[PDB]
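The residues making up each chain are set out below.
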Amino acid sequence: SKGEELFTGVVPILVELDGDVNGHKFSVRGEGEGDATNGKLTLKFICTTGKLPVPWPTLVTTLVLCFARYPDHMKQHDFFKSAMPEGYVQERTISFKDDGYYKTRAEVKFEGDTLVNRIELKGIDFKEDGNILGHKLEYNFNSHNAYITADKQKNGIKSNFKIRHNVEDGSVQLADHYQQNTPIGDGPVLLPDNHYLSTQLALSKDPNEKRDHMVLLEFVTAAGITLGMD
């Protein structure tokens, strides 16, 4: 359980994603750093294939929970850091209500000194004039709490949560997330108790950037476990 020692300082991050939504292929590369002591993520993502065929906020959850800030009375429930440096596989099914769904498989692991998140995404059954392919979502992201439960029969964790995307007309697009995480190596991992992760986000643009891009600042903090007289 010596994986949390790798996140004591600032760790560079590399994010690479290859996507295909209704045949529209695209690639996204992101770079930055994570500060798990504060639960802070600072990243800049670039669509290297030109124009992103999906809204940037719909990829936020796909584009490194090992940088969450776990309180001292909850370090024994940090599965993500315990699986490092070998890392873990993160698979998700994101079903957009009245629209298509994403299928993602990611490998979050250490490659040298850089935390790397390499993802393969596939989107199926999307409407060409819907909120996704039609670019009808606002460029923002609300605060959310993601409940984490343990999966002993898979030696990992699972989680299901609903992301509420703001639509430009005033409505809300629901994105039902179903997540599974399993370690890559064979070492011991910490199987947590029931808790949740609190996440806040700020999206912005780089004024000196001409490519399609997203500047991201994110805070992730763990909670839900009563401290007590500890």
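For each chain, numbering restarts from 1 and follows the sequence as written, which can differ from how the entry numbers it; residues lacking coordinates are not listed. Only hydrogens and water are set aside; all other atoms, that is, all heavy atoms of the structure, feed into the side-chain values. Residues with missing side-chain atoms are left out of burial classes, side-chain pairs and their counts.

- Method of determination for the deposited model, per the PDB record: X-ray crystallography, at 2.1000 Å resolution.

### Overview of the overall build of the protein
Move 1: Secondary structure counts use DSSP, requiring at least four H or I residues in a row for a helix and at least two E residues in a row for a strand, with both numbered from the N terminus. Along the backbone of the protein there are one helix and 11 strands.
Move 2: Here the C-alpha radius of gyration of the protein, 17 Å, is about what a compact globule of 230 residues would show, namely 17 Å.
Move 3: Based on the C-alpha atoms only, the size of the protein along its principal axes is roughly 55 × 35 × 30 Å. Here the globule rule reads 2.2 Å times residues to the power 0.38, and the radius of gyration is calculated from C-alpha atoms.

### Considering the nonpolar core
Move 1: As used in this record, nonpolar core signifies buried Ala, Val, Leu, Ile, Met, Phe, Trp, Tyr and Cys residues forming a set joined through side-chain atoms within 4.5 Å. Burial here depends on accessible area, computed with a 1.4 Å probe over protein chains only, as a share of the maximum for the residue type. Under 20% is buried, over 50% is exposed, and the range in between is partly exposed. Membership of the largest hydrophobic core comes to 61 residues, with the highest contact counts inside it found for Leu63, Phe67 and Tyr102.
Move 2: Looking at which element gives the most residues to this core, the answer is strand β1 (residues 10-21), with five residues.

### Points about the packing of aromatic side chains
Move 1: Within 6.5 Å between ring centres, the rings of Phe, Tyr and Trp (the latter by its six-membered ring) count as paired, and their orientation is classed by plane angle as stacked under 30 degrees, edge-to-face over 60, tilted in between. If you walk through the whole model with that rule in mind, you get eight aromatic pairs.
Move 2: Relative to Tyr102, the ring of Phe96 lies with its centre 4.9 Å away and its plane at 75°, an arrangement referred to as edge-to-face. Each member of the pair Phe96 and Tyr102 is classed as buried.
Move 3: Here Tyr102 and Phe126 contribute two aromatic rings whose centre-to-centre distance is 5.3 Å and whose plane-to-plane angle is 45°, an arrangement assigned as tilted. Of this pair, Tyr102 sits in strand β5 (residues 101-111) while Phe126 sits in the loop between β6 (114-124) and β7 (144-151), placing them 24 residues apart in sequence.

### Some points on the pairing of strand β2 (residues 24-35)
In summary, the side chains of a regular strand alternate between the two faces of the sheet.
Move 1: When β1 meets β2, the two strands line up antiparallel, connected through 12 bridges. Within β2, the residue paired with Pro12 across the bridge is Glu33.
Move 2: The pairing of β2 with strand β3 (residues 40-47) spans eight bridges and is classified as antiparallel. Across the sheet, the residue bridging to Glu33 is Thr42, located in β3.
Move 3: What makes two strands pair is DSSP finding at least two bridges between them. Taken together, β2 and the strand that follows it, β3, pair antiparallel across an intervening segment of four residues, in which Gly39 is found at a positive phi of about 70°.

### Quick look at the layout of surface pockets
Move 1: Of the volumes computed, that of the largest pocket is approximately 180 Å³.
Move 2: The pocket and cavity definitions rest on a 1 Å grid over protein atoms only: a 1.4 Å probe that fits but cannot leave marks a cavity, an open set with protein on both sides within 12 Å along at least five of seven lines marks a pocket, and residues lining either have an atom within 4 Å of a point. Residue lining of the largest pocket: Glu4, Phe7, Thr8, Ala36, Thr37, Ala68, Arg69, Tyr70, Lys75 and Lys81, and that is the complete set. Grid points are joined across faces, edges and corners, and a volume is the space filled by probe spheres set on the points.

### Regarding the pattern of salt bridges
Move 1: Criterion for a salt bridge: a side-chain nitrogen of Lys or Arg within 4 Å of a carboxyl oxygen of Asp or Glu. Tallying each qualifying case throughout the model produces 12 salt bridges.
Move 2: The partner of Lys44 in a salt bridge is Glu209, and the shortest N-O contact between them spans 2.9 Å.
Move 3: Between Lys81 and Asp78 there is a salt bridge, with the nearest N and O atoms lying 2.8 Å from each other.
Move 4: Residue classification places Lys81 among the buried residues on the basis of a relative accessible area of 7%.
Move 5: A cluster of three or more residues bridged by salt bridges with shared partners is formed by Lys44, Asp206, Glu209 and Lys210.

### Side note on the sheet that holds strand β8 (residues 156-166)
Move 1: Around the barrel, 11 strands lie side by side as β1-β2-β3-β11-β10-β7-β8-β9-β4-β5-β6; this closed barrel has mixed pairing. Strand-to-strand twist in this sheet, taken as the mean axis angle between neighbours without regard to direction, amounts to 20°.
Move 2: Sheet analysis places β7 next to β8, joined by three bridges and oriented antiparallel. When the sheet's bridge partners are listed, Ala150 is paired in β8 with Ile157. Orientation is described by lines fitted to C-alpha atoms, with helices fitted over the stretch in contact, and by angles between N-to-C directions that extend from 0 to 180 degrees.

### Comments concerning empty space enclosed by the protein
Move 1: In this structure, the second largest cavity encloses a volume near 60 Å³.
Move 2: Every residue lining the second largest cavity is listed: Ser1, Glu4, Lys75, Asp78, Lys81, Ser82 and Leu190.
Move 3: Just so you know the grouping, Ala, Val, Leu, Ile, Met, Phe, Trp, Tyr, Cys and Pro go in nonpolar, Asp, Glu, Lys and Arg go in charged, and all remaining residues, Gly too, go in polar. For the lining of the second largest cavity, the per-class residue count stands at one nonpolar, two polar and four charged.

### A look at the environment of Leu197
Move 1: Relative to the helices and strands, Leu197 resides in strand β10 (residues 195-204).
Move 2: The exposure class of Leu197 is buried, given its relative accessible area of 1%.
Move 3: Sequence separation between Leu197 and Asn145 is 52 residues; the distance between their C-alpha atoms is 5.4 Å.
Move 4: Should any heavy atoms of two residues lie within 4.5 Å, those residues are considered in contact. Setting aside its immediate chain neighbours within four residues, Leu197 contacts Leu65, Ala68, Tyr70, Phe80, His144, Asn145, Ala146, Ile148, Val220, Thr221 and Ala222.

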